[PDB]
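Q: First the structure, then my questions, so here it is.
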Amino acid sequence: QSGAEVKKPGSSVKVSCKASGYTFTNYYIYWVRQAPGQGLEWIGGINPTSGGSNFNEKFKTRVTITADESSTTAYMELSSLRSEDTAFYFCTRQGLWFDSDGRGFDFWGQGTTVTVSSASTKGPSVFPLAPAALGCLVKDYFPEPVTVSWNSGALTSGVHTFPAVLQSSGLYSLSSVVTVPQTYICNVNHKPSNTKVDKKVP
Amino acid sequence: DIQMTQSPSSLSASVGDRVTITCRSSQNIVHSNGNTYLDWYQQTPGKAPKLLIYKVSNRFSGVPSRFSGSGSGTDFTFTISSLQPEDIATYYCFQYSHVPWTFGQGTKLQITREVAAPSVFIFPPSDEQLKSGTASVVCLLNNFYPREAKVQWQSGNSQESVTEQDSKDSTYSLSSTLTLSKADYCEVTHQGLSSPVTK
């Protein structure tokens, strides 16, 4: 499960990437980011055998990338955070000595959704949408994201979880629904506030 | 430092159509060892990118035969011979011949299909939510096409959200949320409805 942090404009964020002995020996490890709705952007990388790294010119003075051999963890620290650095940061790998293998993006789920904002963290309340279509309203949290599940991932077909929308209050809200013609539970969790709830929908 | 201009940045096509995407590199990306390090990636909503094509023309194992890439020098193509609903995604090229590596800016794919009328439901505010001093009443437009719809409840006090296209129907869903104070504590226009439906 991915991380999620909010950082105030001007500060720095440091993100880590857990990989394996075989990855640190055989692949180049590099950091990518993806702003909300936007494209993939290359930050920089390090050869963990060599210790030599390489950066995108755009991040030349405000990023460092490092790699810890003994714990095989790789790091990126971006300084002077601006609103437009709001992105999902994750690390990624290319073979040093074999072709692209489809395993390049295996650490994506470990990444961190970083929000640069002065607003503070707040857990959401989860309200039921009683019936057809039933669901959950997930209201009043910051930052993004929340994860929604039905019946702990048993239920899947017919589920629609809407993109969040920033409400007039500066807080997020969304709804998650499902159609059926059995008991139905909401699984909502918001890591930045350690909310992890489960609503029964009746 | 090489720039990869990818084109188009977005397009609309139907099931069955050929789709043709190009990435132009600002210089030759052929490496002195004779190979060309250009891959093509597929990012469904909302997941991790997966490899489809690598080194210009190699179809990655398990990838369906309707995907392919070719080109050479500075001029590269990614083709879906015949598009399917599950191909709705953003595609990207990736060059790693020489650092700094770079992605194309992406081609967001959008799929057109037949008009489907939205089946609509309305939901009053929660029991528990009224104790809070606020009422949210929510309207669901479900499984419809195209995305343009009109929902009137009121004005200046509701918000909408729309899902990405369904990887099977290519339909959308939409939410309209009326919020008022408790309390205190839905009519749709859509091309698929010969007549506006109120819930």
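Counting neighbours? That spans all protein chains shown, and the Cβs are built from the backbone with ideal geometry, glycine included. Nothing in this text is a laboratory measurement; each read-out follows from the coordinates by a stated rule.
Q: If I filter region A:136-144 for residues that are on the phi > 0 side of the Ramachandran plot and part of a strand (DSSP E or B), do I get at least one hit?
A: yes
Q: Separate question: Out of region A:15-37, which residues are surrounded by fewer than 14 Cβ atoms within 10 Å (Cβ to Cβ) and either assigned to a strand (DSSP E or B) or at the interface with chain B (Cβ under 8 Å from one of its Cβ atoms) (or both)?
A: Result: A:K18, single match.
Q: A further question on this structure: Which of the numbered conditions does A:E57 fail, given that it passes all the others? Conditions: (1) surrounded by fewer than 14 Cβ atoms within 10 Å (Cβ to Cβ); (2) within 22 Å of the chain's Cα centre (by Cα); (3) of a type in the set (D, E).
A: With respect to (1) surrounded by fewer than 14 Cβ atoms within 10 Å (Cβ to Cβ); (2) within 22 Å of the chain's Cα centre (by Cα); (3) of a type in the set (D, E), A:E57 is out only on (2).
Q: Can you pull out the residues in region B:64-92 that are within 14 Å of chain A (Cβ to nearest Cβ), part of a strand (DSSP E or B) and either under 14 Å from the mean Cα position of the chain (by Cα) or within 30 Å of B:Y145 (Cα to Cα) (or both)?
A: Passing the criteria: B:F67, B:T90, B:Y91, B:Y92.
Q: Which of the residues that make up region B:126-143 are surrounded by fewer than 18 Cβ atoms within 10 Å (Cβ to Cβ), at the interface with chain A (Cβ under 10 Å from one of its Cβ atoms) and assigned to a loop (DSSP other than H, G, I, E, B)?
A: Passing the criteria: only B:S132.
Q: Then there's this: Yes or no: region B:107-125 includes at least one residue that is at the interface with another protein chain (Cβ under 10 Å from one of its Cβ atoms), in a loop (DSSP other than H, G, I, E, B) and surrounded by fewer than 15 Cβ atoms within 10 Å (Cβ to Cβ).
A: Checked region B:107-125: at least one residue is at the interface with another protein chain (Cβ under 10 Å from one of its Cβ atoms), in a loop (DSSP other than H, G, I, E, B) and surrounded by fewer than 15 Cβ atoms within 10 Å (Cβ to Cβ).
Q: Another question, if that's okay. Can B:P100 be described as touching a helix residue (DSSP H, G or I) at 6+ places or on another chain (Cβ under 8 Å) and either of a type outside the set (A, V, I, L, M, F, W, C) or more than 14 Å from chain A (Cβ to nearest Cβ) (or both)?
A: On the way: touching a helix residue (DSSP H, G or I) at 6+ places or on another chain (Cβ under 8 Å): yes; either of a type outside the set (A, V, I, L, M, F, W, C) or more than 14 Å from chain A (Cβ to nearest Cβ) (or both): yes.
It is true that B:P100 is touching a helix residue (DSSP H, G or I) at 6+ places or on another chain (Cβ under 8 Å) and either of a type outside the set (A, V, I, L, M, F, W, C) or more than 14 Å from chain A (Cβ to nearest Cβ) (or both).
Q: Can you name every residue in region B:137-173 that is out of contact with any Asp or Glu (no Cβ under 8 Å at 6 or more places or on another chain) and among the basic types (K, R)?
A: B:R147, B:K150, listed by residue number.
Q: So, one more: Determine whether A:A74 is assigned to a strand (DSSP E or B), over 28 Å from B:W40 (Cβ atoms), small (G, A, S) and in contact with an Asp or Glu (Cβ under 8 Å, 6 or more places away or on another chain). Reasoning before the result, please.
A: Details: assigned to a strand (DSSP E or B): yes; over 28 Å from B:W40 (Cβ atoms): no; small (G, A, S): yes; in contact with an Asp or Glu (Cβ under 8 Å, 6 or more places away or on another chain): yes.
No.
Q: If you take just the strands (runs of 3 or more DSSP E) that sit entirely in region B:1-55, which of them hold at least 2 residues that are within 13 Å of another protein chain (Cβ to nearest Cβ) and surrounded by 18 or more Cβ atoms within 10 Å (Cβ to Cβ)? Reasoning before the result, please.
A: Details: elements: B:4-7, B:10-14, B:19-25, B:38-43, B:50-54.
Passing ranges, in order: B:4-7, B:38-43, B:50-54.
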